[PDB]
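Q: To start, I am sharing the structure in question, which I have written as structure tokens.
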Amino acid sequence: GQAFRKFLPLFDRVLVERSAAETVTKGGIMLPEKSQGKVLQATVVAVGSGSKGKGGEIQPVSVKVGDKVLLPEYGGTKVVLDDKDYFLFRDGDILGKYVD
Amino acid sequence: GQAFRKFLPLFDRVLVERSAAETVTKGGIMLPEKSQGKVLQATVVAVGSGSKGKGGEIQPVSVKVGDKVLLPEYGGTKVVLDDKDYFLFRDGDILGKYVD
Amino acid sequence: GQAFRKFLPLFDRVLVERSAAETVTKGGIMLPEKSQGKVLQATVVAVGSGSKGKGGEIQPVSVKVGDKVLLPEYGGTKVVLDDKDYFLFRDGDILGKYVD
Amino acid sequence: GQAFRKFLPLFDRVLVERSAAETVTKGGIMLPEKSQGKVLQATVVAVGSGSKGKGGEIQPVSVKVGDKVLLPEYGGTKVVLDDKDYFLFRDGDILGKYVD
Amino acid sequence: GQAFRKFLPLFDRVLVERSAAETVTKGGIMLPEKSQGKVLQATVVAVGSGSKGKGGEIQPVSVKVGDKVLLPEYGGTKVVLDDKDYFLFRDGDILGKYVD
Amino acid sequence: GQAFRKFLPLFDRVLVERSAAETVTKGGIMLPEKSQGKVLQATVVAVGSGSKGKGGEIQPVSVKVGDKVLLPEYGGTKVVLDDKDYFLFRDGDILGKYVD
Amino acid sequence: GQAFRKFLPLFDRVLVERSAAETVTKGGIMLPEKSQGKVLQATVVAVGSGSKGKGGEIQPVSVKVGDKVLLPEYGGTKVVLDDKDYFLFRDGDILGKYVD
């Protein structure tokens, strides 16, 4: 399980950081902070060792550090690292990843 | 798991695009946009790698990209790709496919 | 899994059509349409490939196309095929079949 | 699975017919129809093939046609056969049988 | 499965009879019938064949006919045999037995 | 399964007796009876034979008679033995034991 | 399972002690006691023997005594040891550990 800055998620949990919100539109129209909701696009920055549901060895999570993923609407857990914001999810809560 | 335009669903989720709504009736009578509800007919455009419930290898989803399927009434997840609309479902949520 | 007119249910779902409602009584007394509720007698016209709960091969549904079955009170899903009405159930929701 | 008059329950369901209600007492005192509730004593008249929870073959129900059983208070499903009344239960819902 | 007077519980159910309520106290003070609640002490008079959760043979219930057991507060089912009163429980609902 | 005075818990249930409540403080200040809530410290006095979840033999409970344990806040069952008070818990409900 | 001062958790529960709350800010501004909520950072001081879900031997908890862990928002159980405060959690409730 790849770690992060003095942190390591346990079991299948994955720690991600949300992408920056869109401040302006294509033509230059700029949006208020209270709008635009929450960003569902994130980057995987830490992965846990894996689950223990299957007997024997450990099954690693499908994602890896450095992947761009689409988060679900709800289910994240707020984590504060070096005054910055990160979100801890479960492995199965991730909707999908942007292959590129 | 067949991908899509810079996207790939995780586990058994399938990404589809709903068919266009019926604007006019057979005799030419046109319908207002607020009507007709939501289209339950979709086309499978992305499939995930598969579930992990069974021990060992991966069980692929029953559908494939290019299939015309009937969606359930509720259960989809809204996804935005290149400003266009797509819906992420589970593999078992699909009611059936139009064999042709 | 036996199909139907450009349709095929997925997994253990079975597509049936309900029998016609009774319009008149034995002595000729005829009933209003709003009465008689919904018909619980149906004919199996489409069967899915089967469930995947058991490891290995596929376990087919117990019913076959052409069987007269008794539907449960609730649990069906409305499907429209060639402007006609059909109902999709689960394999285990069927109460029983008329052996004849 | 022993059948009935043009009927056969599916899986572990058992079709029974409730015993006739007690109209009079031992000394001749007669009871109104609206009283006496519902009879919990029934006779097994149809049994299904069996469940499929255990892998491999089919496990038949513990009861057989012709057994006098004690029904639970709630859980039955009303079935109409030749204008007569029968009740479909699950195999595990039967409280016990009168051995004689 | 040891039976009772023309009765036999099915699966892990156990039929017991509650002990007689305490009418008087040690010093002779008598208690009203509406008081004293319900007796949690019973005697096992019928045991079922056993459950079927484990594959293969049948696992018999831990209790036997003639055991003095402590019933749970709620969970019993009322049964009437020869105008007398008995209670049907599950095997796991019994809190314990008085070894003597 | 080590028993108690004419009693034996069934399955994984464990019978304990709560410790005496604290009547006075270190400096001599005494507390009213209605206070101090309920004592979570208990002594294991009876253990059942064990659960049957695992196939084959019986796996005994982790505690033994004579162990000082910390009870959970809620989940106990009141038992009266020789006019004295005991509490029946499940094996997994015990929070921990005081090793000494 | 490593113990603590006359205490040992049973099964997969882990006993931890929360870190001291932040009284002052970096620049010297002090915070009231009623503020600052509850500390989610703790140190593992006791670990149980392990779970019994897997057949055979015992699977030990992933954490060890002396680890700095991040607690979940809710789910702990208050324990009093030598007049000091500790919290009992489950093994899977721990969000992650600070690797260092």
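Every chain in the structure tokens has a letter given in the order shown (A, B, ...), and although residue numbers restart at 1 in each chain, ligands are simply numbered from 1 in the order shown.
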Going by DSSP on the backbone, which residues of chain A come out as strand (DSSP E)? List them as a PyMOL selection string.
A: chain A and resi 8-9+14-18+41-47+68-70+77-81+84-89+96-97
Q: Suppose we keep C-alpha atoms; can you now write the selection as a CSV table (one decimal), in the first residue's frame?
A:
chain,number,residue,atom,x,y,z
A,8,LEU,CA,-1.5,5.5,5.4
A,9,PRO,CA,-5.1,4.4,5.0
A,14,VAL,CA,-8.3,5.3,-0.5
A,15,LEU,CA,-7.3,8.9,0.2
A,16,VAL,CA,-7.8,11.4,-2.6
A,17,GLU,CA,-7.7,15.1,-3.2
A,18,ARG,CA,-10.4,16.9,-5.1
A,41,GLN,CA,-13.1,14.8,-9.9
A,42,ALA,CA,-10.1,13.7,-7.7
A,43,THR,CA,-6.6,12.4,-7.8
A,44,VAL,CA,-5.7,9.2,-5.9
A,45,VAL,CA,-2.8,10.1,-3.5
A,46,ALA,CA,-2.9,7.1,-1.0
A,47,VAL,CA,-4.1,3.5,-1.2
A,68,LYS,CA,-7.7,10.6,-11.9
A,69,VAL,CA,-11.0,9.2,-10.5
A,70,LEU,CA,-14.6,10.3,-10.4
A,77,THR,CA,-14.5,11.4,5.1
A,78,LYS,CA,-12.7,14.7,5.7
A,79,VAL,CA,-9.0,14.5,6.6
A,80,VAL,CA,-6.7,17.4,7.3
A,81,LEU,CA,-3.0,16.9,6.3
A,84,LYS,CA,-4.7,20.9,3.4
A,85,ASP,CA,-7.9,19.0,2.5
A,86,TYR,CA,-8.2,15.3,1.6
A,87,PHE,CA,-11.0,12.9,1.4
A,88,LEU,CA,-11.0,9.2,2.4
A,89,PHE,CA,-13.3,6.9,0.5
A,96,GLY,CA,-14.6,5.2,-12.3
A,97,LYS,CA,-11.3,6.4,-13.4
Q: Would you mind listing what lies within 9 Å of residue B:12 as a count of residues only, with only C-alpha atoms counted and same-chain residues fewer than 2 positions away left out?
A: 15
Q: Could you check how far atom CA of residue C:33 sits from atom CA of residue C:99, in Å to one decimal?
A: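 Interatomic distance here is 29.6 Å.
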Q: List the spatial neighbours of residue D:34 as a list in words - criterion: any atom at most 12 Å away, only C-alpha atoms, same-chain residues fewer than 3 positions off excluded.
A: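 That gives residues 21, 22, 23, 31, 37 and 38 of chain D.
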Q: I need the residues from that last selection saved to file as a CSV table (one decimal), in the first residue's frame (with N, CA and C atoms), if you can.
A:
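Final file, again11.csv:
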chain,number,residue,atom,x,y,z
D,21,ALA,N,-64.2,-23.9,10.1
D,21,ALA,CA,-64.4,-23.2,11.3
D,21,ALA,C,-65.4,-23.9,12.2
D,22,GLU,N,-65.3,-23.8,13.5
D,22,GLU,CA,-66.2,-24.4,14.5
D,22,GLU,C,-67.4,-23.5,14.6
D,23,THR,N,-68.6,-24.1,14.2
D,23,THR,CA,-69.8,-23.4,14.2
D,23,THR,C,-70.5,-23.4,15.6
D,31,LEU,N,-71.8,-20.2,17.3
D,31,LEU,CA,-71.0,-19.0,17.2
D,31,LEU,C,-71.3,-18.2,15.9
D,37,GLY,N,-62.4,-15.9,14.1
D,37,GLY,CA,-61.2,-15.5,13.4
D,37,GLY,C,-60.9,-16.4,12.2
D,38,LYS,N,-59.7,-16.8,12.1
D,38,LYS,CA,-59.2,-17.7,11.0
D,38,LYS,C,-58.7,-19.0,11.5
Q: In Å, how far is it from atom CA of residue G:27 to atom CA of residue A:83?
A: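 Between these atoms lies a distance of 15.5 Å.
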Q: What is the distance, in Å and to one decimal place, between atom CA of residue C:39 and atom CA of residue C:6?
A: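 Going from atom CA of residue C:39 over to atom CA of residue C:6 covers 25.0 Å.
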